[PDB]
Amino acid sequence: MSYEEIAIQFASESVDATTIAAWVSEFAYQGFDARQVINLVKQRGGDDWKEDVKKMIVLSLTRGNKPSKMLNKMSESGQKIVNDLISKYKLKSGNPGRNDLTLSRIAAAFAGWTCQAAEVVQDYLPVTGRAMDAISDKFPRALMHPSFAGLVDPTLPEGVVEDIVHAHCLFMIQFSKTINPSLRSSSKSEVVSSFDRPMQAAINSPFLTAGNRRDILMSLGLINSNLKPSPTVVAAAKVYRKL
């Protein structure tokens, strides 16, 4: 049997949809899973994990997602802390597997806290609160981090979802540019292409129920108990819409 015959016969082999469907499932893309981040954090962090998480989130907010490159520009007291978190939590950088932790992932899993901390550390964010104020005045700090996306309640009146997203998008434009100078001249449709996929994924994620997300938005002052967004959020949405 020549190689040719072998290849021809193979084209006549069964193509069973049922068996293949199962394989696709095994091979399926496994995305971000906040539940697994929380698992890893709890297992590795022991009893003091919550305090560790807050430290790691403040770390992420002010210094980004590369914990080793971070050490090359840090006081020696800070390094004792960061090296200790790295070891305890086996911290990685960039985009590894489902059993690895990153500052970004941790910040995302605990978004509701991340976004309150951003208000506190606003003067030390890649894009600053004041920097945003210049674009839209009194810009809501709770919006100023990518993890906010996971706090959006999509069952809200469509007009309101739209105002919240658009206001966050305005921040994401400055942010995405600041993190990738390759975009600082790109078009607005282009910059938005660089974050809208994972943004939509978090908006429509099954982690945190609609009610849960809504309750957090009310605590942040983003919407009142009557579902009406802050003037400050509508304002920023206007500026975004004058694209």
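Residues carry their position along the shown sequence, with the first being 1.
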query	finding
Mean C-alpha temperature factor, higher of 184 to 192 and 55 to 63	184 to 192
Stretch with the higher entry mean CA B-factor, where the candidates are 162 to 170 and 72 to 80	72 to 80
Per the PDB entry, maximal CA B factor within 132, 121, 151, 106	132
Residue 49 by Cα B-factor - lowest, middle or highest third of the modelled chain	lowest
B-factor third for the C-alpha atom of residue 211 within its chain	lowest
Position of residue 11 among the chain's modelled residues by C-alpha B-factor, lowest, middle or highest third	lowest
Ranked C-alpha temperature factor of residue 22 among modelled chain residues, by third	middle
For residue 136, the third of its chain into which the C-alpha B factor falls	middle
